[PDB]
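Q: Fold the following for me, if possible:
(8 chains, ligands or ions: 11)
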Amino acid sequence: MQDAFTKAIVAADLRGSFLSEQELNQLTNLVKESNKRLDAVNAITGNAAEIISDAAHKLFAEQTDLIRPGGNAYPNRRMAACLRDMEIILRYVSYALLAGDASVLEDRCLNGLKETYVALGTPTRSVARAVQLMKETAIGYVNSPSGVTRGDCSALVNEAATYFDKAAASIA
Amino acid sequence: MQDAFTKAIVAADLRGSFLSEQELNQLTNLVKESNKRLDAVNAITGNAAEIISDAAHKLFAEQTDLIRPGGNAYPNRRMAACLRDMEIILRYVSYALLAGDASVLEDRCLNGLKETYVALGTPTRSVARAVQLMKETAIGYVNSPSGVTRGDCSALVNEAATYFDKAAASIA
Amino acid sequence: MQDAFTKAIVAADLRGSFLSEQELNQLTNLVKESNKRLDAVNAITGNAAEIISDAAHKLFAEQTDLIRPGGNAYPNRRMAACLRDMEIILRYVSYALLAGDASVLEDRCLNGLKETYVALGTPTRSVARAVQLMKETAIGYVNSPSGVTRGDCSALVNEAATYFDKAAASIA
Amino acid sequence: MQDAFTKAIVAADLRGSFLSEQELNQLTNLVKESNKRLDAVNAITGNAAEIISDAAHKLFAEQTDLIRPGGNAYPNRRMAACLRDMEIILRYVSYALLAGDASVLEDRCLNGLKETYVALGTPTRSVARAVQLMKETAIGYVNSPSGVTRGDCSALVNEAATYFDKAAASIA
Amino acid sequence: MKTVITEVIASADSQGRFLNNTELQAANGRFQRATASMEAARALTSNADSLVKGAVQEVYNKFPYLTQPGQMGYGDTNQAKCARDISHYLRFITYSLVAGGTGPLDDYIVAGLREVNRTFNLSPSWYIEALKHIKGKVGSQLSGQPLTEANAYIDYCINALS
Amino acid sequence: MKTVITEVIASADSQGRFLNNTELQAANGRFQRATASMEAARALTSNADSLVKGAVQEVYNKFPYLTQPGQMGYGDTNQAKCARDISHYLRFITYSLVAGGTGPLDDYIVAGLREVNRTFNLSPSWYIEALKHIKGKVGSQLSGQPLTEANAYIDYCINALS
Amino acid sequence: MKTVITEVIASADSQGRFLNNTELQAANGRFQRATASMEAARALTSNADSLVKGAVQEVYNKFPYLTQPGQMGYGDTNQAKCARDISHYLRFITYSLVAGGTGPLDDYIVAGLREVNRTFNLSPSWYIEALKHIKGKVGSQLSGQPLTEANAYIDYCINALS
Amino acid sequence: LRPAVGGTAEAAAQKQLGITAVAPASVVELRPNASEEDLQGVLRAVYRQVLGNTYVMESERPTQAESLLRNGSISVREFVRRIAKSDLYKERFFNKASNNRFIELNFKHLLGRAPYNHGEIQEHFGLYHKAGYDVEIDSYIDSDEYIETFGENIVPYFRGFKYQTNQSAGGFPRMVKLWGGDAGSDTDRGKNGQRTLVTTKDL
Ligand SMILES: *[C@H](C)[C@H]1/C(=C/c2[nH]c(/C=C3N=C(/C=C4\NC(=O)C(CC)=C4C)C(C)=C\3CCC(=O)O)c(CCC(=O)O)c2C)NC(=O)[C@@H]1C
Ligand SMILES: *[C@H](C)[C@H]1/C(=C/c2[nH]c(/C=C3N=C(/C=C4\NC(=O)C(CC)=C4C)C(C)=C\3CCC(=O)O)c(CCC(=O)O)c2C)NC(=O)[C@@H]1C
Ligand SMILES: *[C@H](C)[C@H]1/C(=C/c2[nH]c(/C=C3N=C(/C=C4\NC(=O)C(CC)=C4C)C(C)=C\3CCC(=O)O)c(CCC(=O)O)c2C)NC(=O)[C@@H]1C
Ligand SMILES: *[C@H](C)[C@H]1/C(=C/c2[nH]c(/C=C3N=C(/C=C4\NC(=O)C(CC)=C4C)C(C)=C\3CCC(=O)O)c(CCC(=O)O)c2C)NC(=O)[C@@H]1C
Ligand SMILES: *[C@H](C)[C@H]1/C(=C/c2[nH]c(/C=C3N=C(/C=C4\NC(=O)C(CC)=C4C)C(C)=C\3CCC(=O)O)c(CCC(=O)O)c2C)NC(=O)[C@@H]1C
Ligand SMILES: *[C@H](C)[C@H]1/C(=C/c2[nH]c(/C=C3N=C(/C=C4\NC(=O)C(CC)=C4C)C(C)=C\3CCC(=O)O)c(CCC(=O)O)c2C)NC(=O)[C@@H]1C
Ligand SMILES: *[C@H](C)[C@H]1/C(=C/c2[nH]c(/C=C3N=C(/C=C4\NC(=O)C(CC)=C4C)C(C)=C\3CCC(=O)O)c(CCC(=O)O)c2C)NC(=O)[C@@H]1C
Ligand SMILES: *[C@H](C)[C@H]1/C(=C/c2[nH]c(/C=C3N=C(/C=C4\NC(=O)C(CC)=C4C)C(C)=C\3CCC(=O)O)c(CCC(=O)O)c2C)NC(=O)[C@@H]1C
Ligand SMILES: *[C@H](C)[C@H]1/C(=C/c2[nH]c(/C=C3N=C(/C=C4\NC(=O)C(CC)=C4C)C(C)=C\3CCC(=O)O)c(CCC(=O)O)c2C)NC(=O)[C@@H]1C
Ligand SMILES: *[C@H](C)[C@H]1/C(=C/c2[nH]c(/C=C3N=C(/C=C4\NC(=O)C(CC)=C4C)C(C)=C\3CCC(=O)O)c(CCC(=O)O)c2C)NC(=O)[C@@H]1C
Ligand SMILES: *[C@H](C)[C@H]1/C(=C/c2[nH]c(/C=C3N=C(/C=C4\NC(=O)C(CC)=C4C)C(C)=C\3CCC(=O)O)c(CCC(=O)O)c2C)NC(=O)[C@@H]1C
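A: Numbers count the residues shown, from 1 in each chain, chains lettered A, B, ... in the order given. Ligands and ions are numbered 1, 2, ... in the order given. Below, you will see the structure:
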C-alpha cells in the first residue's frame, strides 16, 4: 500500500537519490499537523453510522424512484446492498485521510466500480450523489468536533473533500 | 432458477401489483395439465439411455468423418466426451420441460456452450444435428408412453420441441 | 508432453496408417545417436550453474541500465526473479534436447512468456540477449566435455542451437 | 520410499562407514538376478485381472456367507469395494517385488489396515484368506511364464511369497 | 503420451530440477530396449493384414451366434467395423512398441473404452478373444526379447478390456 | 511498503472495519517517533559520502586478500560496485527512518538477497563488516533516541545478512 | 531416497497403476548402469583417505588466509572438521553410485545445506575447491563409463554448493 | 481407411489452448510416512497453485507451517488455509485488488475453477462485509466442493478445462480468461495492477 511518506521514498528511489531537503520539509509538515489529522479521522469513525444514515435519508427523499418497484434499491436485498456500498466507500475515504494518499481508495474501492454498476444497472449518477451527501455530513463532523482544541483544520478538510471528489468522479 | 409460476410473479412484481385474474387463470391451466407434463418428463427419463444411443447411431451413420481417424469423435476419449455431452443436453431439456420455462436450459447449459465448442474446435453444426436426432427419438417416447390414459399431448410435445430447437439454435 | 518418437506416431495416426519403413528408419537413426544425446544433456546439467552465472555477468556488463535504479533487474527482488527465469529456460532447453522435440519448451516454458513480460514491462530484447549468451556457454560445454569419446556431435549442437533460438524468438 | 539398495546405504550411514565389500557383494547379486526379477514383476502385471478374478471366485465359494444378505460383500457396493481392495494389495506386492523391499507395502498399504477393517466391521481373517488365494494364483504365473528362458526362479518366488505373507499377517 | 522419456522429464519438472543421472539411466534403458521393440513392431506391421483376418474369424468361431441374423456379427457393415477395430488395436500396439511406452495405447484405446463399449453394446470378450488369437500367431513369428515386448503390449490391452 | 500506518490500515481492511482507537494509538506512536527518526535520517544523509568511503576501506582492512589480484576486491569496476552497494544500504536505511517502518529495507534489499548473493558470489560477511563500521561512526554523530532508531535499522540489515 | 526404482514406483502409485513395460524398461536401465557405477564406487572407496587429504590441502593452498590465526582453517579442531566434512562428501557420493540415484546425496547433504552453512559461516567455495580437486584425481583413477558416473555425482554436489 | 478431412489429433485442442499441462491436471497427495523428497513435491505444488505461479523468495517461505506438515500436526488442507490467510496471499491477491477480482482469484487458487454465476460473487462479497477476510477464506476451504474433491491430503489442482458436475456452460470460457499459460501468473507486480478478468457483464 502507499501513504504520503511511502510515496516520497518511491519517487526518490527512482531518481536513485537520498530524500531532498525540500521533500523532507513537506514530510515534516505532515508530522507536525498529525494531531489534527488524527482528530479528523476520529470524527468520521465516531460518527460513521450517522453519516451513512443521514446521507441515505436524503438520497431516498431526492430519488423516490430508487425505492419504488423497478428501482435499483427496491427489494430489501438491493436496499441492503446500497447501504453496504455507502459504508464501504466511507471506510476507504477515512483510510485515505489517515494515509494522506488516495491510493487505497483507488486500488480496492474505485477499481472497476463504474463497470460493475453499469452491468448491474445501478445508476452511477445516483451513486455519485450519495458520495456527495456523505461528504457534506462527514465534513461537518470534522469541522465541529466536541472538546477538541480550537484551531484551523481547513487544509485537512480540503484533503478530505478531494478524496470524496475522487470517488464521485470515478463512479460517475 | 425460474419456472413458469416464478416468471409470472417476477413480472407482476416489476409492475408492483397483485397477480391479475387473467394471469392467475394461465397458471391454473398449467396446473390442470400437470399430470400430462409429469408423464412426458417420465418418458424422457425412462428412455434416456435409448434416446442417446439411437441418436448416436444415426449421427455416426450420417457423418462418417467423426468416427474416422482424426475425426472429432475419434478416438475413444473423444467419443466418450461426445456421448457425455449428449446426455447433459438431454438432462437440461428434461429439467426445462418440468419447469415449463427454458431458463434453466439457457442459463446453465446454453450460455457459453458455443464458445466452448469453438475453442475446442468441436464442429458446432454436428452438435446441433445430434440435438435434432435426440429430439426425434425423445418426442416418439413422449407421443407413445405405455399404459398411460389416452389424451391429446400435442401442446406438451410442441413445448418439448421448442426446447430442443432453442438448444440447437444456440449451439449452431 | 511429446518426444520425437511420440511425434512420429501421432502423424502416422492422422494418416490412419502403420508407421512407414522410412519413418521407422528415421527413428532408428535417433536411437543410434542416443549415447551422444545423453552426453550432451549431461554437459548442460553438469555445468548448469556456471552457464547461468557466466551469462548473467555478460548481460549486466553489456546493459548497465538493467542494474541501475529504474532498471528491470533492480532491486534485489527483480534481480532474483531474472536469475530464476534464466534457470527455467535452461532447464526446458535441456528437457527438449533429451526429448529430441521442441514441444516441451514451447508448451510449458514459452507459453504466455511474452505476455507476462509485456505486463511486467520487462525488456524482451534483453531477455533474448540473455538466452543467446546462455546458448554460447552451453554449446561450449557440449563441444568440450571431459572424458567423453571423440566423435562428431555437430548435429546435436545444431539441434541445441535451434531450441535456444526458438526460445529467443518467442520471447521477442 | 525404500528399496534394497537404499536399505543397505542407510545401515552403513548409521555406522558412518563406506559400504563394506560384503554389503557390496549382496547388492551385486541383486543386480545379477535383475532380469529374472523383471520377468516375475511382468508376470503379475500381465495377469493381474486374472489373478484377482480367480481369487475372488475361490473366496466366495469358500465363504458363501459373505455374498448372502447380511454378509460383508453382500450389496454390490460392498462387493465392489472388496474387489478394489484385492487389486490394491496386489499392486503394492508387485511394487515391493520390484523394489526388493517390503517397505512400500508397509508404509502405504498395510499401515492402519487392520484398524480400518475393525472399524468398518470387515472380517479381517477373510481378507487374509483373499490375500492367500491371490498369492497362489500369482506364484503360478511367475512359475510358468511363456517364452521366458528356462531357469531357477525359486528365490524370487520365495521373496514374493513373503510379501504376500506380510500383507496377510498385517491385515489379520 | 506416457513414454520412458516423457515420464522422466515430467518427474524432473515436478521437482523443478535439471535432469540428473537418475533420469538419464532410465532413458538409456529405453534406448537399449528399442532394438527388440523395433523388431516386434516390424513383424506385427508385416503380418497386420493376415493378423486381422484371423482375429475376426476367431471371434466368429468362438461366438457363433454373432454371425446369425439380427446379431452384431451379421451384415457387411458390422463385419467391416470388426476388422476396423481389430486393426486399430494392432496399430496402437505397434505404435506403443516404437514409442517405448503404453502411452499410445492409453490415450487412443484405454481412455473412454468402458463408456464407449457400454453405449454401443460391444462386448469386451470379443476383443479379448481376438487379441488372444493374435498373441498365439505372434508367438510363432517372434522369439526372445522381441516376443516379450509384443506380449506385454497385447497383455496390457487384454487386462484393460478385462 | 510496511509502515505503522499502512499496517494498521491493512488490518482494518481485512476485518472490513473502520479504524478504531486501537489503530489510532499505534498511528500516534509512529508520528511521535518521527522527530527522532528524521534527525537520524538527516545525519546519515549529511555524512553519507564519508560513511561509505570508510565502510569500504574497513572491508578492505578486514579482508586484505580482496584487494589482491584475481580477487573480488581488485579492479576499479569491482571497487566501484562496492561503494555503490554500501550507498544503497545507507539510502534504504534513511528511507526506512523516514517511512516509520522496515518496509523500504524489506522490499528493496531483503527480498531476494540470499539468491542474488549466491549467484554473484558476494559474501554476506563483507556487507556485515561495512554495516558494523557505519554503526560505530553513527554512534559518534547521534545520541539518545535518534541513535536508537539508527542502530535498529542497521541491525535489521545485519540480521538479514546473517 | 530418489533412485530409478523408487521413482518409477512412485509414478505408478500416483496414477494408481500396476507397473507397466514403460516402468520396467526404465528399471532395466538402472540395472545395466550398475556395473559401471559399482566400479566407480570401489575406486573412490579405495582412494578415499588420499582423496580427502589432498582435497583439504588444496583448500589451504587456494585460500592461504584460512590457515592464519583467528581464521577458520586454523587449529586442529578446525582442520579435523574439514577432513570430516570432505570425507562425508565422498561417502555420500559412493552411496549415490551404488543406489542408482542422487537421493543419498540429496537427503544427507543437499537438504538444509544453505541454512547450515550460513549459521556456521562455512563458505561454499571451500567445498567446491575440494570437490574439484577430487574430480581431477578421480579422472586419473577411472576411465570411460565408470569415470562418467563418478563425474556426474561430483558435479551434482558442485552445482548444489553453487 | 481414409482419414477425416479436418483430422486433428487427440490433444490438438489442448495443444492449441495451451492447457495441455493442466486440462487433466496431475493430482499430488501427501501420503503417510512421506519421505522428505515427497514433502517437498507437495510444497512446490501448493505454492504454484495457491499463489498463482508468482515467485516466492526464500525470505517469504513459511517454514514454521512446513514444520507442522512434516510432523503431521496439520493436513494439506490446513496448510492451504494457513497460506491463504497469510500476508503472502493477502499482499498479492487482496490488498491491491477489488473484491470482484479477489473472489475469482480465490476460486482459481483454492477450488481450481471459475466462478459459475454472479450469485457466487454476491455470496462471498456478502460474507466479507459481515465477517471479514478469514471467514471468507474459510468458506472455500470448508465447502463440500473442496472437501469432496481434494479432501484432506490432496493439493488443490485445476478442475476447470474439464466438465464438472454442477458447472455452468460459461465455466470453460471463463477458465480460459483466467489462464495466462504455464508462464502466466496472477501478479500484482504489473503495469496495470490487479484487474478483473471476469467482469460482472460476463457473469
Ligand atoms: C447505493 C448508494 C446505490 C446502489 C448500490 C448497489 N450496489 C449493488 C451491488 C454491488 N455493489 C458492489 C460494490 C463493490 N464491489 C467492490 O469490490 C467494492 C469496494 C470494495 C464495492 C463498493 C458490488 C460488488 C456489487 C455486486 C455484488 C452484490 O450485489 O453483492 C447493488 C445491487 C444491484 C443488483 O442488482 O445486484 C446496489 C443496489 N444502488 C442504488 O440504487 C443506489 C443509488
Ligand atoms: C480539526 C479536525 C479540528 C481540531 C483539531 C485539533 N486537534 C488538536 C490537537 C490534538 N489532537 C489530538 C488528538 C489525538 N492524538 C492522538 O493520539 C489521537 C488518537 C489516539 C487523537 C484523537 C492531540 C493529542 C492533540 C494535542 C493535545 C491538545 O489537546 O491540543 C489541535 C491543536 C493543534 C495541534 O496539532 O496540536 C487542533 C486544532 N480543532 C479544531 O478546531 C478543528 C475543528
Ligand atoms: C457430440 C455430439 C459432439 C462432440 C462433443 C465433444 N465435447 C467435448 C468436450 C467438451 N464438451 C463440453 C461441454 C460441456 N460443458 C458444459 O458445461 C456443458 C453443458 C453445461 C457441456 C455440454 C466441455 C466443457 C468439454 C471440454 C471438457 C472435456 O473435454 O471433458 C469433446 C472433446 C474435445 C477435446 O478434444 O477434448 C467432444 C468430442 N464432438 C463431436 O464430434 C460431436 C459432434
Ligand atoms: C402425454 C405425454 C401422453 C399421455 C399422458 C397422460 N397422462 C394422464 C393422466 C395422468 N398422468 C398421471 C401420472 C403421473 N402423476 C404423477 O404424480 C406422476 C409422477 C409421480 C405421474 C407420472 C396421473 C396421476 C394421471 C391421472 C390418472 C390417470 O391415470 O388417468 C392423461 C389423462 C389426462 C390427465 O392428465 O388428466 C394423459 C393423456 N397420454 C397420452 O395419450 C399421451 C401420449
Ligand atoms: C532476466 C533475464 C530478465 C528479467 C526477468 C524477470 N522476470 C520477472 C517475473 C516473472 N518471470 C516469470 C517467468 C516465468 N514463470 C514461470 O514459471 C516460467 C516458466 C513456465 C517463466 C519463464 C514470471 C511468471 C514472472 C512474473 C510473476 C512473478 O512475480 O514471478 C521479473 C520481475 C518483474 C517485476 O516487476 O517484479 C523480472 C525482473 N527482467 C530483466 O530485466 C532481465 C532481462
Ligand atoms: C557429444 C555431445 C560429445 C561426445 C559424445 C559421445 N558419446 C559417446 C559414447 C558414449 N556416450 C555414453 C554415455 C552415456 N551412456 C549412458 O548410459 C549415459 C547416461 C547415464 C551416458 C551419459 C556411452 C555409454 C557411450 C558409449 C561408450 C563410450 O564411453 O564410448 C561417443 C562415441 C560414439 C557413440 O555414440 O558410441 C561420443 C562421440 N563426444 C564428443 O567428442 C562430443 C564433444
Ligand atoms: C475383500 C477381499 C474383503 C472386503 C473388503 C472391503 N473393504 C471395504 C472398505 C474399505 N477397504 C479399505 C481398504 C483400503 N483402502 C486403501 O486405501 C487401502 C490401502 C491403504 C486399502 C486396502 C478402505 C479404506 C475401506 C473403506 C473406505 C472405502 O470403501 O473406500 C469394504 C466395504 C465396507 C463398508 O461397509 O464400507 C469391504 C467389503 N470385505 C469382505 O468381506 C472381503 C473378504
Ligand atoms: C522367472 C520368473 C522365470 C525365468 C526368468 C528368466 N528370465 C531370464 C532372462 C531375461 N528376462 C528378461 C526380461 C526383461 N528384461 C527387461 O528389460 C524387461 C522389462 C522391459 C524384462 C521383462 C531379459 C532381458 C532377459 C535376458 C535375456 C534372455 O532372454 O535370456 C532368464 C535367463 C537368465 C537370467 O538370469 O537372466 C531366466 C531364467 N525363467 C524361468 O524358467 C522362470 C519361470
Ligand atoms: C468385432 C470384434 C465386432 C464388431 C464391431 C463393431 N464395432 C462397432 C462400433 C465401434 N467400435 C469402436 C471402436 C473404436 N473406435 C475408436 O475410435 C477406437 C480407438 C482408436 C476404437 C477401438 C467405436 C467407438 C464404435 C462406435 C462408433 C462407430 O460406429 O464407429 C460396431 C457398431 C456398434 C453399433 O451398434 O453401432 C460393431 C458392430 N462387429 C462384429 O462383427 C464383431 C462382433
Ligand atoms: C563491497 C562490500 C564488495 C563488492 C561488491 C560487489 N558487488 C557486486 C555486484 C553486485 N552487487 C549487487 C548488489 C545489489 N544490487 C541491488 O539492486 C541491491 C539492492 C538495492 C544491491 C545491494 C548486485 C545485484 C550485483 C550483481 C550484478 C551487478 O553487477 O550489478 C560485485 C561484482 C560481482 C560480479 O562479478 O558481478 C562486487 C565486487 N566489491 C568489493 O570490492 C567488496 C568486496
Ligand atoms: C573444510 C573445507 C573447512 C572447515 C570446515 C568446518 N566445518 C565446520 C562445521 C560443520 N561442518 C558441517 C558439515 C556437515 N555436517 C553434516 O552433518 C554433513 C553432512 C552429513 C556435513 C558435510 C556442519 C553441520 C558443521 C557445523 C556443526 C559441527 O561443528 O559439527 C567447522 C566449524 C564451524 C564453526 O565455526 O563452529 C569447520 C571449520 N575447516 C577447515 O579447516 C576448512 C576451512
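
Q: CA atoms of stretch H:127-146 as CSV?
A: The C-alpha coordinates for stretch H:127-146 follow below in CSV (Å, rounded to 0.1, in the frame of the first residue of the first chain):
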residue,chain,number,x,y,z
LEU,H,127,-19.6,-12.8,3.8
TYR,H,128,-16.6,-10.5,3.7
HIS,H,129,-18.6,-7.4,4.7
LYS,H,130,-20.3,-9.2,7.6
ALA,H,131,-17.4,-11.3,8.8
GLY,H,132,-14.2,-10.0,7.2
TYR,H,133,-11.4,-11.9,5.4
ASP,H,134,-10.7,-15.0,7.4
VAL,H,135,-14.3,-16.2,7.4
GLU,H,136,-14.4,-15.7,3.7
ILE,H,137,-11.2,-17.8,3.1
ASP,H,138,-12.7,-20.4,5.4
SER,H,139,-15.8,-20.7,3.2
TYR,H,140,-13.8,-22.0,0.2
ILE,H,141,-11.7,-24.4,2.3
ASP,H,142,-14.7,-25.6,4.3
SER,H,143,-17.0,-26.3,1.3
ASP,H,144,-18.4,-29.6,0.0
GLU,H,145,-16.7,-28.9,-3.3
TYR,H,146,-13.3,-28.6,-1.6
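
Q: mind checking the longest helix of chain H?
A: helix H:118-141 (DSSP state H).

Q: again with chain A
A: helix A:76-99.

Q: any idea how far the helix or strand following it is from the chain center?
A: Under the assignment DSSP states H and E, the closest C-terminal helix or strand after helix A:76-99 is helix A:103-104. Helix A:103-104 sits 11 Å away from the centroid of its parent chain (Cα atoms, centre = their mean, to the nearest Å).

Q: ok so, going back, elements contacting the longest helix of chain A?
A: Counting contacts by 3 or more Cβ pairs under 8 Å, 6 or more residues apart in numbering or on different chains; DSSP states H and E, helix A:76-99 is packed against helix A:34-46, helix A:48-62, helix A:103-104, helix A:124-143, helix A:154-171, helix F:4-15. C-beta here means a position set from N, CA and C on the backbone, and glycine is covered the same way.

Q: what angle sits between that helix and helix F:4-15?
A: Relative orientation of helix A:76-99 versus helix F:4-15 (axes from the mean of the first three to the mean of the last three Cα atoms, to 10 degrees): 170 degrees.

Q: Helix A:76-99 near ligand 2 at all?
A: No. Shown here: helix A:76-99 not in contact with ligand 2 (Cβ under 6 Å from any ligand atom), separated by at least 10.2 Å.

Q: how about that helix, does it reach ligand 1?
A: Yes. Judged by Cβ under 6 Å from any ligand atom, helix A:76-99 and ligand 1 are in contact via A:78, A:81-82, A:85-86, A:88.

Q: Let me have that helix in CSV, keeping just the CA atoms, if that works.
A: Only the C-alpha atoms of helix A:76-99 are listed here, as CSV (Å, rounded to 0.1, in the frame of the first residue of the first chain):
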residue,chain,number,x,y,z
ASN,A,76,-34.8,-5.2,0.7
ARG,A,77,-31.9,-7.2,-0.7
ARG,A,78,-31.0,-4.3,-3.0
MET,A,79,-31.6,-1.7,-0.4
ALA,A,80,-29.2,-3.5,1.9
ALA,A,81,-26.6,-3.7,-0.9
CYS,A,82,-26.9,0.1,-1.4
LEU,A,83,-26.3,0.8,2.3
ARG,A,84,-23.4,-1.6,2.3
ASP,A,85,-21.7,0.2,-0.6
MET,A,86,-22.1,3.6,1.1
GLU,A,87,-20.4,2.2,4.2
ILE,A,88,-17.6,0.7,2.1
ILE,A,89,-16.8,3.9,0.3
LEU,A,90,-16.8,5.9,3.6
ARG,A,91,-14.4,3.3,5.1
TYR,A,92,-11.9,3.8,2.3
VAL,A,93,-12.1,7.6,2.3
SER,A,94,-11.3,7.5,6.0
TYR,A,95,-8.4,5.2,5.4
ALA,A,96,-7.1,7.6,2.7
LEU,A,97,-7.4,10.5,5.1
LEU,A,98,-5.1,8.7,7.6
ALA,A,99,-2.7,7.7,4.9
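
Q: Can you give me the buried ones in that helix?
A: Residues of helix A:76-99 classed as buried under the neighbour-count rule (16 or more other Cβ atoms under 10 Å in any protein chain shown) are A:78-79, A:81-83, A:85-99.

Q: Equivalent analysis for stretch A:31-48, please.
A: Result for stretch A:31-48 [16+ other Cβ under 10 Å]: buried residues A:31, A:34, A:36-48.

Q: List just the nearest of these to chain C.
A: Within the buried residues of stretch A:31-48, the smallest distance to chain C is 26.5 Å, found for residue A:31 (Cβ to the nearest Cβ).

Q: Shouldn't the closest one be within a helix?
A: Yes. Looking at residue A:31 with DSSP: H, G, I helix; E, B strand; the rest coil, it is inside a helix.

Q: ok and the residue in chain A nearest chain B?
A: Per Cβ to the nearest Cβ, residue A:69 is where chain A lies closest to chain B, at 3.5 Å.

Q: and that residue, what does it touch?
A: By Cβ atoms under 8 Å, 6 or more residues apart in numbering or on different chains, the contact list for residue A:69 reads B:13-16.

Q: The longest helix anywhere in chain E and chain D, are they touching?
A: Assignment by DSSP H gives helix E:21-46 as the longest helix of chain E. No. On the criterion Cβ under 8 Å from any Cβ of the partner chain, helix E:21-46 is out of touch with chain D, staying 10.5 Å away.

Q: Distance from that helix to the middle of the chain?
A: Relative to the centre of its chain, helix E:21-46 is centred 16 Å away, using Cα atoms, centre = their mean.

Q: Need the residues that contact the next helix or strand after that helix.
A: Per DSSP H and E, the first helix or strand lying C-terminal to helix E:21-46 is helix E:48-62. If you take Cβ under 8 Å, 6+ apart as the criterion, helix E:48-62 is touched by C:18, E:44, E:66-67, E:73, E:79, E:82-83, E:86-87, E:90-91, E:94, E:126, E:129-131, E:133-134, E:137-138.

Q: State the number of residues packed around residue H:188.
A: Neighbourhood size, residue H:188 [other Cβ atoms under 10 Å in any protein chain shown]: 17.

Q: Now do the contacts for it.
A: Neighbours of residue H:188 in contact, by Cβ under 8 Å, 6+ apart: H:91-93, H:96-97, H:194.

Q: What are the phi and psi values at the residue nearest the centre of chain E?
A: Central residue of chain E (Cα atoms, centre = their mean): residue E:93, 3.3 Å from the mean position. The phi/psi pair for residue E:93 (degrees, to the nearest 10) reads phi -70, psi -50.

Q: Need the nearest residue in space to it, chain neighbours excluded.
A: Spatial nearest neighbour of residue E:93, chain neighbours left out: residue E:153 (4.7 Å); criterion: Cβ to Cβ, 6 or more residues apart in numbering or on different chains.

Q: wait, isn't that neighbour in contact with residue E:99?
A: No. Using Cβ atoms under 8 Å, residue E:153 is not in contact with residue E:99; the gap is 10.3 Å.

Q: in stretch H:61-76, what's buried?
A: For stretch H:61-76, burial by neighbour count (16+ other Cβ under 10 Å) applies to H:62, H:65-66, H:69, H:74-76.

Q: one step back: which one of residue E:153 and residue E:99 has more residues nearby?
A: More crowded of residue E:153 and residue E:99, by other Cβ under 10 Å: residue E:99, with 31 against 26.

Q: Quick check: the more buried one vs residue G:114, distance?
A: 40 Å (Cβ to Cβ, to the nearest Å).

Q: Close to ligand 1: what parts of chain H are there?
A: H:98-100, H:121-122, H:125-126.

Q: switch to 5 Å and redo it
A: Selection of chain H residues close to ligand 1 by Cβ under 5 Å from any ligand atom yields H:98-99, H:122, H:125.

Q: and the residue in chain H that ligand 7 sits nearest to, helix, strand or coil?
A: Residue nearest to ligand 7 within chain H (Cβ to the nearest ligand atom): residue H:32, separated by 8.9 Å. Here residue H:32 is recorded as coil under three-state DSSP.
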